[PDB]
Amino acid sequence: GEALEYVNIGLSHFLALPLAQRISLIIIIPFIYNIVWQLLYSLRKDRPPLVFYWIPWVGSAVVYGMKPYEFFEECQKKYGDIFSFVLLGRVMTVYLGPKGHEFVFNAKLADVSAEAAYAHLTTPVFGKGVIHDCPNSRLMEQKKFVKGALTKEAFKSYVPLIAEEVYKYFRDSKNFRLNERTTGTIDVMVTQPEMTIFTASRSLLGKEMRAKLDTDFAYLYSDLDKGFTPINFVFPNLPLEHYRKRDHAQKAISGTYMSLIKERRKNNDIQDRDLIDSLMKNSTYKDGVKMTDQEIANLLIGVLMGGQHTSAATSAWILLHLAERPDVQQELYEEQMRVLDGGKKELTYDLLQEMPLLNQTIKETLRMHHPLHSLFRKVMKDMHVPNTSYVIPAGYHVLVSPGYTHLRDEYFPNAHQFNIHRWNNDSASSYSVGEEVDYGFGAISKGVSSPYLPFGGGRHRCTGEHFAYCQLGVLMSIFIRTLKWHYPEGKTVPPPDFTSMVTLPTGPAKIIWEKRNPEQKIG
Ligand code: HEM
Ligand SMILES: C[C@@H](c1ncncc1F)[C@](O)(Cn1cncn1)c1ccc(F)cc1F
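The deposited coordinates, according to the entry record, derive from X-ray crystallography at 2.90 Å resolution.

The PDB entry annotates the protein as Lanosterol 14-alpha demethylase of Saccharomyces cerevisiae. The UniProt entry for the protein carries the following text under Pathway (unreviewed entry): "Steroid biosynthesis; zymosterol biosynthesis; zymosterol from lanosterol: step 1/6." Listed under Subcellular location (unreviewed entry) in UniProt, the entry text for the protein is "Membrane".

See the structure below:
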């Protein structure tokens, strides 16, 4: 009773402490509070173990962002395959391994949302109305629109254009100019992004859109390029300047696409050339709405942008791994001479399919260097993980990471050794190992239990797998037949830089190239 007066009294003296002790208690009450909250949380047996952190809110973000596969391995040894950690205000429950791939890539639409996790990151860059700034059902239909331009007949015609672009680059780039140099050094992280965007542009976007890249316009891609960073997860729209040249470039680049979209319909200049022709002819949803010309341009940005960063990272890794392995280059070259009749057969999408060792090299690189170490979903409903007393409460996030499983000896013997022969009689981009399902964009595998899942699975599954292998196929067939490359003295494979949007190599990652035929000229 008389004590009740003194909780009151003490509350008044609390308010009248010096700014030195108030400030410090501002930073000790929450620190001491979250340490004692965690301790209570670990007695909850319907929750997966939460890994201890000191700083509240920040959580474990520092070690997760820097070495996420080392973090995952350390957590796996302590608490098994399921565990939570807090990440800059959110709570992520990792499910490692194939049962984890299944728990997350085959989750019900009712249980998890990818849109809910990524809309803050994608929509500022791509524009609105597409990808994650729409309902999952719109997403499924957009993928059906894009995927309707990623056919075998499309792929037969992209191969001469892609190959033209590779040669034009060897001819004209300051990094090569093969008609004036026979040897040189390139930074793969400078060359590979440029090659990707040229080849992707010319093929999917058309010749006009490829043409604009030879000009100043190219910088808008570079400006747009920088708004695609995990920082948009914390400060999505933060009134600074790289946020404006980002948005400037979005408006600017989406304008060029609509200008072309609009003039093509004005002229009925609508053929089967590029994905711009395709999305024009076929972008009406199942309920009857057509995509606005701006929505078509923003899907263009998002598709080109995402495939840009994964494809460019992958050919970088193919070069860096091969730079160290002249025996694999020798092997890949023999297959080039055998399949292409010593160079006296033009490269075709068909002939690419007969090059298993090349396709096995892409396959193996993508095993060791998955471009997305972590995929996320926001949990919408309380989720129960079977064989288990755990519930993942709504508002948590689930995190699948097949790239970690990729690097496990459990599923890949000597997982840390680059070995393309681990895929003998198995050069497939991927393989639907049984029964299939359709979420709107075509029949894809129903199970998602494979330990090798470079293109994920389920509804959010990649619709650019076959394009990626095409691009990477021509690019690497031509690199192989034209150049030998090795590392500078002392140099080896760089470690991955996980902090960016894709695990790309820690730069600079340089290789010395030599012409196989010094006296050869590109016409
Ligand atoms: C080496 C190349 C690529 C790799 C390794 C890769 C990997 C992936 C993965 C793992 C996902 C699943 C995302 C998630 O589950 O959260 C995905 C989604 C997707 N990717 Fe790719 N990707 C590649 C290239 C491309 C290209 C070139 C395109 C376009 C031509 C593309 C378009 C898409 C689309 C449209 C989705 C659907 C996302 C969704 O439905 O939520 N990707 N990709
Ligand atoms: C959202 C994005 C992503 N980026 C980084 N970490 C996780 C991610 F989910 C991604 O899934 C990645 N991606 C897959 N293939 C190409 N890019 C994506 C999907 C569709 C798209 F049109 C553009 C795009 F970037």
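**Observations concerning the nonpolar core**
Counting 151 residues, the largest nonpolar core has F72, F85, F170, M476, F479 and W485 as its most contacted members. No other element matches the 14 residues that helix α15 (residues 293-322) contributes to this core. When residues no more than four places from it in sequence are discounted, the contact partners of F85 are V51, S60, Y64, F71, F72, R90, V91, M92, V94 and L399.

**Notes on the site of ligand 2**
Taken together, 13 residues form the shell around ligand 2, and within it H132, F228, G302, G306 and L372 come nearest. When ligand 2 sits alone it has 480 Å² of accessible area, and the protein chains cover 79% of it. Listing elements by their share of the shell around ligand 2, those giving two or more residues are α7 (115-126) and α15. Tallying contributions element by element places α15 first for the shell around ligand 2, with 5 residues. Considered class by class, the residues forming the shell around ligand 2 number 7 nonpolar, 6 polar and no charged.

**Concerning the site of ligand 1**
Neighbouring residues of ligand 1: 22 residues in total, closest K143, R377, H460, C462 and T463. Between ligand 1 and the protein, one listed contact pairs an oxygen atom with a side-chain N or O atom of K143 at 2.4 Å. Of all elements in the fold, only α8 (136-147), α15, β5 (375-379) and α20 (465-482) reach the threshold of two or more residues within the shell around ligand 1. With 3 residues, the top contributor of residues to the shell around ligand 1 is α15. For the shell around ligand 1, the class distribution of residues is 11 nonpolar, 7 polar and 4 charged.

About the thresholds
Residues numbered from 1 in each chain as written, not as in the entry; some residues may be left out. Chains lettered and ligands numbered in written order. Heavy atoms only, no water. UniProt positions renumbered as here; feature names shortened; annotations may be inferred. Core = buried A, V, L, I, M, F, W, Y, C linked by side-chain atoms within 4.5 Å. Buried < 20%, exposed > 50% of the residue type's maximum accessible area, 1.4 Å probe, protein only. Helix = DSSP H or I, 4+ residues; strand = E, 2+ residues; numbered from the N terminus. Contact = heavy atoms within 4.5 Å. Near = heavy atom within 4 Å. Areas by Shrake-Rupley, 256 points an atom, 1.4 Å probe, with all protein chains shown as cover. Nonpolar A, V, L, I, M, F, W, Y, C, P; charged D, E, K, R; others polar. Polar contact = N/O pair within 3.5 Å; in protein donor to acceptor, adjacent residues only side chain to side chain.

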